[PDB]
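Visitor: Below is the file data-v1.pdb, with PDB, C-alpha atoms and all ligand atoms.
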ATOM      1  CA  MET O 105       0.774 -11.367   3.578  1.00  0.00           C
ATOM      2  CA  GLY O 106      -0.414 -11.876  -0.004  1.00  0.00           C
ATOM      3  CA  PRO O 107       1.274 -10.301  -3.030  1.00  0.00           C
ATOM      4  CA  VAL O 108       3.672  -7.410  -2.861  1.00  0.00           C
ATOM      5  CA  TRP O 109       5.738  -5.555  -5.475  1.00  0.00           C
ATOM      6  CA  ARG O 110       9.357  -6.860  -5.256  1.00  0.00           C
ATOM      7  CA  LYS O 111      10.896  -3.687  -6.621  1.00  0.00           C
ATOM      8  CA  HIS O 112      11.136  -0.020  -5.483  1.00  0.00           C
ATOM      9  CA  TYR O 113      10.579   1.824  -8.785  1.00  0.00           C
ATOM     10  CA  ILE O 114       6.917   1.441  -9.788  1.00  0.00           C
ATOM     11  CA  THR O 115       5.338   2.984 -12.877  1.00  0.00           C
ATOM     12  CA  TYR O 116       1.765   4.156 -13.493  1.00  0.00           C
ATOM     13  CA  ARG O 117      -0.042   5.296 -16.595  1.00  0.00           C
ATOM     14  CA  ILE O 118      -3.377   7.165 -16.915  1.00  0.00           C
ATOM     15  CA  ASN O 119      -5.179   5.137 -19.634  1.00  0.00           C
ATOM     16  CA  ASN O 120      -7.982   7.753 -20.106  1.00  0.00           C
ATOM     17  CA  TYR O 121      -9.248  10.788 -18.343  1.00  0.00           C
ATOM     18  CA  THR O 122     -12.631  11.421 -16.790  1.00  0.00           C
ATOM     19  CA  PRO O 123     -14.565  14.344 -18.413  1.00  0.00           C
ATOM     20  CA  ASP O 124     -15.716  15.303 -14.917  1.00  0.00           C
ATOM     21  CA  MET O 125     -12.471  17.141 -14.162  1.00  0.00           C
ATOM     22  CA  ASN O 126      -9.745  19.271 -15.698  1.00  0.00           C
ATOM     23  CA  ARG O 127      -6.996  17.084 -17.097  1.00  0.00           C
ATOM     24  CA  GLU O 128      -4.339  18.649 -14.934  1.00  0.00           C
ATOM     25  CA  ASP O 129      -6.500  18.123 -11.805  1.00  0.00           C
ATOM     26  CA  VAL O 130      -6.718  14.348 -12.608  1.00  0.00           C
ATOM     27  CA  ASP O 131      -2.958  14.248 -13.015  1.00  0.00           C
ATOM     28  CA  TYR O 132      -2.468  16.103  -9.753  1.00  0.00           C
ATOM     29  CA  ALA O 133      -4.899  14.067  -7.730  1.00  0.00           C
ATOM     30  CA  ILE O 134      -3.353  10.793  -8.890  1.00  0.00           C
ATOM     31  CA  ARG O 135       0.208  12.067  -8.330  1.00  0.00           C
ATOM     32  CA  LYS O 136      -0.660  13.256  -4.860  1.00  0.00           C
ATOM     33  CA  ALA O 137      -2.252   9.956  -4.011  1.00  0.00           C
ATOM     34  CA  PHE O 138       0.905   8.056  -4.982  1.00  0.00           C
ATOM     35  CA  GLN O 139       2.990  10.508  -2.857  1.00  0.00           C
ATOM     36  CA  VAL O 140       0.903   9.618   0.193  1.00  0.00           C
ATOM     37  CA  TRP O 141       2.262   6.077   0.011  1.00  0.00           C
ATOM     38  CA  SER O 142       5.786   6.910  -1.227  1.00  0.00           C
ATOM     39  CA  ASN O 143       6.120   9.212   1.876  1.00  0.00           C
ATOM     40  CA  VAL O 144       5.937   6.184   4.203  1.00  0.00           C
ATOM     41  CA  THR O 145       7.771   3.547   2.154  1.00  0.00           C
ATOM     42  CA  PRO O 146      10.867   3.123  -0.013  1.00  0.00           C
ATOM     43  CA  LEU O 147       8.650   3.042  -3.144  1.00  0.00           C
ATOM     44  CA  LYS O 148       9.070   5.544  -5.977  1.00  0.00           C
ATOM     45  CA  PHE O 149       6.240   6.195  -8.479  1.00  0.00           C
ATOM     46  CA  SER O 150       6.758   7.525 -12.020  1.00  0.00           C
ATOM     47  CA  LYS O 151       4.112   8.499 -14.486  1.00  0.00           C
ATOM     48  CA  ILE O 152       4.680   7.131 -18.027  1.00  0.00           C
ATOM     49  CA  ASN O 153       2.779   8.035 -21.165  1.00  0.00           C
ATOM     50  CA  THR O 154       3.477   4.981 -23.340  1.00  0.00           C
ATOM     51  CA  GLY O 155       4.346   1.385 -22.836  1.00  0.00           C
ATOM     52  CA  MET O 156       3.228  -1.055 -20.113  1.00  0.00           C
ATOM     53  CA  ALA O 157       3.084   0.453 -16.649  1.00  0.00           C
ATOM     54  CA  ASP O 158       2.805  -1.535 -13.480  1.00  0.00           C
ATOM     55  CA  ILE O 159      -0.341   0.337 -12.390  1.00  0.00           C
ATOM     56  CA  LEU O 160      -2.807   1.256 -15.164  1.00  0.00           C
ATOM     57  CA  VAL O 161      -5.368   3.899 -14.051  1.00  0.00           C
ATOM     58  CA  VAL O 162      -8.677   3.568 -15.948  1.00  0.00           C
ATOM     59  CA  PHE O 163     -12.013   5.369 -15.860  1.00  0.00           C
ATOM     60  CA  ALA O 164     -14.762   2.985 -16.989  1.00  0.00           C
ATOM     61  CA  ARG O 165     -18.426   2.258 -16.496  1.00  0.00           C
ATOM     62  CA  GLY O 166     -20.554  -0.900 -16.148  1.00  0.00           C
ATOM     63  CA  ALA O 167     -19.000  -4.070 -17.481  1.00  0.00           C
ATOM     64  CA  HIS O 168     -15.509  -3.086 -18.582  1.00  0.00           C
ATOM     65  CA  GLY O 169     -13.537  -6.250 -19.338  1.00  0.00           C
ATOM     66  CA  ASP O 170     -12.788  -7.611 -16.004  1.00  0.00           C
ATOM     67  CA  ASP O 171     -15.071  -9.844 -14.067  1.00  0.00           C
ATOM     68  CA  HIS O 172     -16.054  -6.973 -11.791  1.00  0.00           C
ATOM     69  CA  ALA O 173     -18.638  -4.680 -13.248  1.00  0.00           C
ATOM     70  CA  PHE O 174     -19.476  -1.291 -11.976  1.00  0.00           C
ATOM     71  CA  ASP O 175     -23.037  -0.351 -10.892  1.00  0.00           C
ATOM     72  CA  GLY O 176     -23.917   3.026 -12.188  1.00  0.00           C
ATOM     73  CA  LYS O 177     -24.051   6.127 -10.118  1.00  0.00           C
ATOM     74  CA  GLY O 178     -23.721   5.408  -6.376  1.00  0.00           C
ATOM     75  CA  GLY O 179     -22.751   2.213  -4.757  1.00  0.00           C
ATOM     76  CA  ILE O 180     -19.297   1.071  -5.779  1.00  0.00           C
ATOM     77  CA  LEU O 181     -16.801   3.847  -6.590  1.00  0.00           C
ATOM     78  CA  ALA O 182     -13.657   2.094  -7.781  1.00  0.00           C
ATOM     79  CA  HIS O 183     -11.598  -1.020  -7.387  1.00  0.00           C
ATOM     80  CA  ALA O 184      -7.998  -2.152  -7.764  1.00  0.00           C
ATOM     81  CA  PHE O 185      -6.091  -5.359  -8.186  1.00  0.00           C
ATOM     82  CA  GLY O 186      -3.273  -6.434  -5.919  1.00  0.00           C
ATOM     83  CA  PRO O 187       0.311  -6.665  -7.085  1.00  0.00           C
ATOM     84  CA  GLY O 188       0.993  -8.884 -10.047  1.00  0.00           C
ATOM     85  CA  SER O 189       1.578  -8.940 -13.753  1.00  0.00           C
ATOM     86  CA  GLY O 190      -0.971  -7.820 -16.307  1.00  0.00           C
ATOM     87  CA  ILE O 191      -4.068  -6.468 -14.622  1.00  0.00           C
ATOM     88  CA  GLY O 192      -2.314  -6.811 -11.282  1.00  0.00           C
ATOM     89  CA  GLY O 193      -1.896  -3.389  -9.699  1.00  0.00           C
ATOM     90  CA  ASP O 194      -4.421  -1.735 -11.961  1.00  0.00           C
ATOM     91  CA  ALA O 195      -6.924   0.794 -10.519  1.00  0.00           C
ATOM     92  CA  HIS O 196     -10.319   1.353 -12.129  1.00  0.00           C
ATOM     93  CA  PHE O 197     -12.663   4.259 -11.237  1.00  0.00           C
ATOM     94  CA  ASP O 198     -16.419   4.157 -11.982  1.00  0.00           C
ATOM     95  CA  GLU O 199     -17.103   6.871 -14.609  1.00  0.00           C
ATOM     96  CA  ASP O 200     -20.726   6.891 -13.527  1.00  0.00           C
ATOM     97  CA  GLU O 201     -19.560   8.760 -10.432  1.00  0.00           C
ATOM     98  CA  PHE O 202     -18.922  12.445 -10.612  1.00  0.00           C
ATOM     99  CA  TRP O 203     -15.278  12.878  -9.748  1.00  0.00           C
ATOM    100  CA  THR O 204     -14.058  16.155  -8.217  1.00  0.00           C
ATOM    101  CA  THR O 205     -11.219  17.943  -6.432  1.00  0.00           C
ATOM    102  CA  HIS O 206     -13.444  18.949  -3.562  1.00  0.00           C
ATOM    103  CA  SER O 207     -16.275  17.816  -1.316  1.00  0.00           C
ATOM    104  CA  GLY O 208     -18.889  17.687  -4.118  1.00  0.00           C
ATOM    105  CA  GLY O 209     -19.390  14.414  -5.950  1.00  0.00           C
ATOM    106  CA  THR O 210     -16.779  11.820  -5.082  1.00  0.00           C
ATOM    107  CA  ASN O 211     -13.250  13.097  -4.336  1.00  0.00           C
ATOM    108  CA  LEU O 212     -10.763  11.517  -6.755  1.00  0.00           C
ATOM    109  CA  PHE O 213      -7.652  12.035  -4.581  1.00  0.00           C
ATOM    110  CA  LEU O 214      -9.151  10.323  -1.526  1.00  0.00           C
ATOM    111  CA  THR O 215     -10.521   7.453  -3.566  1.00  0.00           C
ATOM    112  CA  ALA O 216      -7.177   7.076  -5.308  1.00  0.00           C
ATOM    113  CA  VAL O 217      -5.324   6.883  -2.016  1.00  0.00           C
ATOM    114  CA  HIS O 218      -7.541   4.000  -0.961  1.00  0.00           C
ATOM    115  CA  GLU O 219      -7.334   2.230  -4.306  1.00  0.00           C
ATOM    116  CA  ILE O 220      -3.527   2.552  -4.561  1.00  0.00           C
ATOM    117  CA  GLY O 221      -3.440   0.983  -1.086  1.00  0.00           C
ATOM    118  CA  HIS O 222      -5.006  -2.070  -2.712  1.00  0.00           C
ATOM    119  CA  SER O 223      -2.666  -1.835  -5.739  1.00  0.00           C
ATOM    120  CA  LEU O 224       0.212  -2.055  -3.246  1.00  0.00           C
ATOM    121  CA  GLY O 225      -1.266  -5.077  -1.463  1.00  0.00           C
ATOM    122  CA  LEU O 226      -3.295  -3.678   1.440  1.00  0.00           C
ATOM    123  CA  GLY O 227      -6.732  -5.031   2.400  1.00  0.00           C
ATOM    124  CA  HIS O 228      -9.247  -3.298   4.602  1.00  0.00           C
ATOM    125  CA  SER O 229      -8.920  -1.981   8.099  1.00  0.00           C
ATOM    126  CA  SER O 230     -11.559  -2.057  10.802  1.00  0.00           C
ATOM    127  CA  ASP O 231     -10.352   1.407  12.141  1.00  0.00           C
ATOM    128  CA  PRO O 232     -12.710   4.171  10.958  1.00  0.00           C
ATOM    129  CA  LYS O 233      -9.777   6.627  11.032  1.00  0.00           C
ATOM    130  CA  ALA O 234      -7.887   4.624   8.367  1.00  0.00           C
ATOM    131  CA  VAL O 235      -7.832   5.392   4.720  1.00  0.00           C
ATOM    132  CA  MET O 236      -8.183   1.602   4.182  1.00  0.00           C
ATOM    133  CA  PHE O 237     -11.512   1.502   6.093  1.00  0.00           C
ATOM    134  CA  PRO O 238     -14.101   0.146   3.622  1.00  0.00           C
ATOM    135  CA  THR O 239     -16.336   3.420   3.760  1.00  0.00           C
ATOM    136  CA  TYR O 240     -15.834   6.499   1.819  1.00  0.00           C
ATOM    137  CA  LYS O 241     -16.163   9.801   3.693  1.00  0.00           C
ATOM    138  CA  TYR O 242     -14.890  13.139   2.660  1.00  0.00           C
ATOM    139  CA  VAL O 243     -12.139  14.756   4.793  1.00  0.00           C
ATOM    140  CA  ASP O 244     -10.446  18.021   3.998  1.00  0.00           C
ATOM    141  CA  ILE O 245      -7.834  16.976   1.406  1.00  0.00           C
ATOM    142  CA  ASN O 246      -5.365  19.686   2.145  1.00  0.00           C
ATOM    143  CA  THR O 247      -4.908  18.473   5.618  1.00  0.00           C
ATOM    144  CA  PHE O 248      -5.357  14.655   4.954  1.00  0.00           C
ATOM    145  CA  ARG O 249      -3.157  12.195   6.823  1.00  0.00           C
ATOM    146  CA  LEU O 250      -2.640   8.417   6.968  1.00  0.00           C
ATOM    147  CA  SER O 251      -3.617   6.767  10.264  1.00  0.00           C
ATOM    148  CA  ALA O 252      -1.141   4.880  12.378  1.00  0.00           C
ATOM    149  CA  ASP O 253      -2.943   1.696  11.246  1.00  0.00           C
ATOM    150  CA  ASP O 254      -2.453   2.515   7.576  1.00  0.00           C
ATOM    151  CA  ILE O 255       1.275   3.260   8.214  1.00  0.00           C
ATOM    152  CA  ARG O 256       1.745   0.010  10.153  1.00  0.00           C
ATOM    153  CA  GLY O 257       0.007  -1.916   7.360  1.00  0.00           C
ATOM    154  CA  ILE O 258       2.044  -0.504   4.509  1.00  0.00           C
ATOM    155  CA  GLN O 259       5.337  -0.677   6.458  1.00  0.00           C
ATOM    156  CA  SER O 260       4.586  -4.341   7.277  1.00  0.00           C
ATOM    157  CA  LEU O 261       4.617  -4.940   3.491  1.00  0.00           C
ATOM    158  CA  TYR O 262       7.420  -2.610   2.378  1.00  0.00           C
ATOM    159  CA  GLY O 263       9.577  -1.089   5.155  1.00  0.00           C
TER     160      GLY O 263
HETATM  161  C1  LIG C 301     -10.801   7.666   3.485  1.00  0.00           C
HETATM  162  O1  LIG C 301     -10.859   7.788   2.143  1.00  0.00           O
HETATM  163  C2  LIG C 301     -11.488   6.676   1.612  1.00  0.00           C
HETATM  164  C3  LIG C 301     -11.767   6.756   0.301  1.00  0.00           C
HETATM  165  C4  LIG C 301     -12.387   5.747  -0.448  1.00  0.00           C
HETATM  166  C5  LIG C 301     -12.805   4.598   0.239  1.00  0.00           C
HETATM  167  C6  LIG C 301     -13.508   3.719  -0.574  1.00  0.00           C
HETATM  168  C7  LIG C 301     -14.650   3.094   0.095  1.00  0.00           C
HETATM  169  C8  LIG C 301     -15.471   2.240  -0.688  1.00  0.00           C
HETATM  170  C9  LIG C 301     -15.221   1.926  -2.038  1.00  0.00           C
HETATM  171  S1  LIG C 301     -16.346   1.041  -2.823  1.00  0.00           S
HETATM  172  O2  LIG C 301     -16.022   1.050  -4.211  1.00  0.00           O
HETATM  173  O3  LIG C 301     -17.702   1.612  -2.518  1.00  0.00           O
HETATM  174  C10 LIG C 301     -16.314  -0.479  -2.132  1.00  0.00           C
HETATM  175  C11 LIG C 301     -17.255  -0.713  -1.135  1.00  0.00           C
HETATM  176  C12 LIG C 301     -17.318  -1.913  -0.460  1.00  0.00           C
HETATM  177  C13 LIG C 301     -16.458  -2.941  -0.690  1.00  0.00           C
HETATM  178  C14 LIG C 301     -15.422  -2.740  -1.693  1.00  0.00           C
HETATM  179  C15 LIG C 301     -15.342  -1.507  -2.405  1.00  0.00           C
HETATM  180  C16 LIG C 301     -14.225  -1.298  -3.401  1.00  0.00           C
HETATM  181  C17 LIG C 301     -14.135  -2.449  -4.380  1.00  0.00           C
HETATM  182  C18 LIG C 301     -15.363  -2.527  -5.260  1.00  0.00           C
HETATM  183  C19 LIG C 301     -15.431  -3.693  -6.210  1.00  0.00           C
HETATM  184  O4  LIG C 301     -15.198  -4.839  -5.837  1.00  0.00           O
HETATM  185  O5  LIG C 301     -15.736  -3.560  -7.439  1.00  0.00           O
HETATM  186  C20 LIG C 301     -12.935  -1.112  -2.699  1.00  0.00           C
HETATM  187  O6  LIG C 301     -12.907  -1.328  -1.523  1.00  0.00           O
HETATM  188  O7  LIG C 301     -11.925  -0.714  -3.314  1.00  0.00           O
HETATM  189  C21 LIG C 301     -14.159   2.583  -2.583  1.00  0.00           C
HETATM  190  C22 LIG C 301     -13.381   3.478  -1.911  1.00  0.00           C
HETATM  191  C23 LIG C 301     -12.500   4.531   1.619  1.00  0.00           C
HETATM  192  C24 LIG C 301     -11.891   5.536   2.394  1.00  0.00           C
HETATM  193 CA    CA C 302      -0.691  -3.919 -14.009  1.00  0.00          CA
HETATM  194 CA    CA C 303     -21.028   3.257  -8.858  1.00  0.00          CA
HETATM  195 CA    CA C 304     -18.340  10.774 -14.409  1.00  0.00          CA
HETATM  196 ZN    ZN C 305     -12.374  -3.074 -13.270  1.00  0.00          ZN
HETATM  197 ZN    ZN C 306     -11.182  -1.009  -0.545  1.00  0.00          ZN
END
Represent the supplied structure as structure tokens.

Guide:
Amino acid sequence: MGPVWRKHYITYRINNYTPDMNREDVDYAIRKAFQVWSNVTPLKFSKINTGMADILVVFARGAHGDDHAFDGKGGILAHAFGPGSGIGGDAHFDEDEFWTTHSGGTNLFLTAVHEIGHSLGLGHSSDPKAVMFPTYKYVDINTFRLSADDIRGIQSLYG
């Protein structure tokens, strides 16, 4: 068990917004993605608009100031750092993707659920039904649900 947040109230901040989507749909997708994990743990997530948040959400392209460049359209979608100070927790989404609320392009909500998993300390699962499986695939977002493996993983860290 590597790093974990040692506190229940976690803050996030949207550094910048992708032009691919309506602003309120970015807010909603990110908020919903946090709720997925707060529904199975004692963690509480609050959006802040100024100051240092635990989890900074960034849309960036190519080389963006960390040692982990993005690759243009396709390939890598996003990445996140495990719990820690500074860049720890932060979630970066490749702006060269086309982010959406639906099945077109790459679904922001689903990607965010996977990346926040990493921000909370989760690795990857070998279970293709898990949100933490290392392969993106679209599933109807209105019906989405964590797998038993994802729940066991997060509860092993927090509950
Ligand atoms: C079920 O919903 C899901 C949604 C998204 C994903 C998902 C799958 C792949 C990526 S990915 O970006 O194609 C990817 C691919 C291979 C290894 C690692 C990754 C990234 C990290 C990329 C980096 O180091 O810069 C990751 O796992 O977070 C991102 C997100 C998986 C499942
Ligand atoms: Ca951080
Ligand atoms: Ca890419
Ligand atoms: Ca884009
Ligand atoms: Zn990055
Ligand atoms: Zn991953």

Visitor: Using all atoms listed in the file, determine which residues lie at most 9 Å from residue 192 of chain O, disregarding the query and same-chain residues fewer than 6 positions distant; provide the list as a list in words.

Guide: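 Within the cut-off, the hits are residues 158, 159, 160, 184, 185, 186 and 223 of chain O.
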
Visitor: What does the structure give for the distance between atom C4 of ligand LIG 301 (chain C) and atom CA of residue 172 of chain O, in Å to one decimal?

Guide: 17.4 Å

Visitor: Report as a PyMOL selection string all protein, DNA and RNA residues lying within 10 Å of segment 127-141 of chain O, evaluated on only C-alpha atoms, omitting residues in the same chain fewer than 3 positions from it.

Guide: chain O and resi 116+118+120-124+144-151+161+203-205+211-221+224+248-250+254-255+258-259

Visitor: Please produce a file of the residues just selected, as a JSON list (two decimals), in the coordinates of the input, where the atoms kept are C-alpha atoms.

Guide:
[["chain", "number", "residue", "atom", "x", "y", "z"],
["O", 116, "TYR", "CA", 1.76, 4.16, -13.49],
["O", 118, "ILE", "CA", -3.38, 7.16, -16.92],
["O", 120, "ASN", "CA", -7.98, 7.75, -20.11],
["O", 121, "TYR", "CA", -9.25, 10.79, -18.34],
["O", 122, "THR", "CA", -12.63, 11.42, -16.79],
["O", 123, "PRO", "CA", -14.56, 14.34, -18.41],
["O", 124, "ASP", "CA", -15.72, 15.30, -14.92],
["O", 144, "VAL", "CA", 5.94, 6.18, 4.20],
["O", 145, "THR", "CA", 7.77, 3.55, 2.15],
["O", 146, "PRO", "CA", 10.87, 3.12, -0.01],
["O", 147, "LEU", "CA", 8.65, 3.04, -3.14],
["O", 148, "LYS", "CA", 9.07, 5.54, -5.98],
["O", 149, "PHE", "CA", 6.24, 6.20, -8.48],
["O", 150, "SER", "CA", 6.76, 7.52, -12.02],
["O", 151, "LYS", "CA", 4.11, 8.50, -14.49],
["O", 161, "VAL", "CA", -5.37, 3.90, -14.05],
["O", 203, "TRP", "CA", -15.28, 12.88, -9.75],
["O", 204, "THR", "CA", -14.06, 16.16, -8.22],
["O", 205, "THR", "CA", -11.22, 17.94, -6.43],
["O", 211, "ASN", "CA", -13.25, 13.10, -4.34],
["O", 212, "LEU", "CA", -10.76, 11.52, -6.76],
["O", 213, "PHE", "CA", -7.65, 12.04, -4.58],
["O", 214, "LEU", "CA", -9.15, 10.32, -1.53],
["O", 215, "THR", "CA", -10.52, 7.45, -3.57],
["O", 216, "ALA", "CA", -7.18, 7.08, -5.31],
["O", 217, "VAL", "CA", -5.32, 6.88, -2.02],
["O", 218, "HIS", "CA", -7.54, 4.00, -0.96],
["O", 219, "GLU", "CA", -7.33, 2.23, -4.31],
["O", 220, "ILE", "CA", -3.53, 2.55, -4.56],
["O", 221, "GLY", "CA", -3.44, 0.98, -1.09],
["O", 224, "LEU", "CA", 0.21, -2.06, -3.25],
["O", 248, "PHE", "CA", -5.36, 14.66, 4.95],
["O", 249, "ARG", "CA", -3.16, 12.20, 6.82],
["O", 250, "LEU", "CA", -2.64, 8.42, 6.97],
["O", 254, "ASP", "CA", -2.45, 2.52, 7.58],
["O", 255, "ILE", "CA", 1.27, 3.26, 8.21],
["O", 258, "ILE", "CA", 2.04, -0.50, 4.51],
["O", 259, "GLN", "CA", 5.34, -0.68, 6.46]]

Visitor: When you count all atoms listed in the file, which of these residues is closest to ligand CA 303 (chain C): O:112, O:177, O:117, O:165?

Guide: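 Checking each of O:112, O:177, O:117, O:165 against ligand CA 303 (chain C), counting all atoms listed in the file, the winner is O:177.
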
Visitor: Would you compute the distance between atom CA of residue 114 of chain O and atom CA of residue 189 of chain O? Give it in Å to one decimal.

Guide: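 Computed distance, atom CA of residue 114 of chain O to atom CA of residue 189 of chain O, equals 12.3 Å.
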
Visitor: Regenerate segment 141-156 of chain O at the level of N, CA and C atoms and dump it as a short mmCIF file (atom, residue, chain, number, x, y, z; two decimals), in the frame of the given file.

Guide:
data_model
loop_
_atom_site.label_atom_id
_atom_site.label_comp_id
_atom_site.auth_asym_id
_atom_site.auth_seq_id
_atom_site.Cartn_x
_atom_site.Cartn_y
_atom_site.Cartn_z
N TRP O 141 1.67 7.35 -0.29
CA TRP O 141 2.26 6.08 0.01
C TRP O 141 3.80 6.08 -0.16
N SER O 142 4.33 6.83 -1.13
CA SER O 142 5.79 6.91 -1.23
C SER O 142 6.36 7.64 0.00
N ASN O 143 5.58 8.47 0.71
CA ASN O 143 6.12 9.21 1.88
C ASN O 143 6.34 8.29 3.06
N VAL O 144 5.76 7.09 3.07
CA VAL O 144 5.94 6.18 4.20
C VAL O 144 6.59 4.85 3.85
N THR O 145 7.14 4.76 2.65
CA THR O 145 7.77 3.55 2.15
C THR O 145 8.97 3.90 1.31
N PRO O 146 9.73 2.89 0.89
CA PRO O 146 10.87 3.12 -0.01
C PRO O 146 10.46 3.16 -1.50
N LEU O 147 9.17 3.02 -1.79
CA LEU O 147 8.65 3.04 -3.14
C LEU O 147 8.72 4.41 -3.83
N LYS O 148 9.01 4.37 -5.12
CA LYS O 148 9.07 5.54 -5.98
C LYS O 148 8.11 5.30 -7.13
N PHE O 149 7.28 6.29 -7.44
CA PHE O 149 6.24 6.20 -8.48
C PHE O 149 6.56 7.15 -9.64
N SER O 150 6.49 6.67 -10.83
CA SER O 150 6.76 7.52 -12.02
C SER O 150 5.62 7.38 -12.98
N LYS O 151 5.12 8.50 -13.47
CA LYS O 151 4.11 8.50 -14.49
C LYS O 151 4.74 8.21 -15.85
N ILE O 152 4.24 7.35 -16.70
CA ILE O 152 4.68 7.13 -18.03
C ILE O 152 3.50 7.35 -18.94
N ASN O 153 3.79 7.68 -20.20
CA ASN O 153 2.78 8.04 -21.16
C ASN O 153 2.64 7.00 -22.26
N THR O 154 3.53 6.04 -22.38
CA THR O 154 3.48 4.98 -23.34
C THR O 154 4.06 3.77 -22.70
N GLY O 155 3.74 2.61 -23.25
CA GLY O 155 4.35 1.38 -22.84
C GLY O 155 3.48 0.83 -21.70
N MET O 156 3.92 -0.30 -21.18
CA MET O 156 3.23 -1.06 -20.11
C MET O 156 3.70 -0.50 -18.76
#
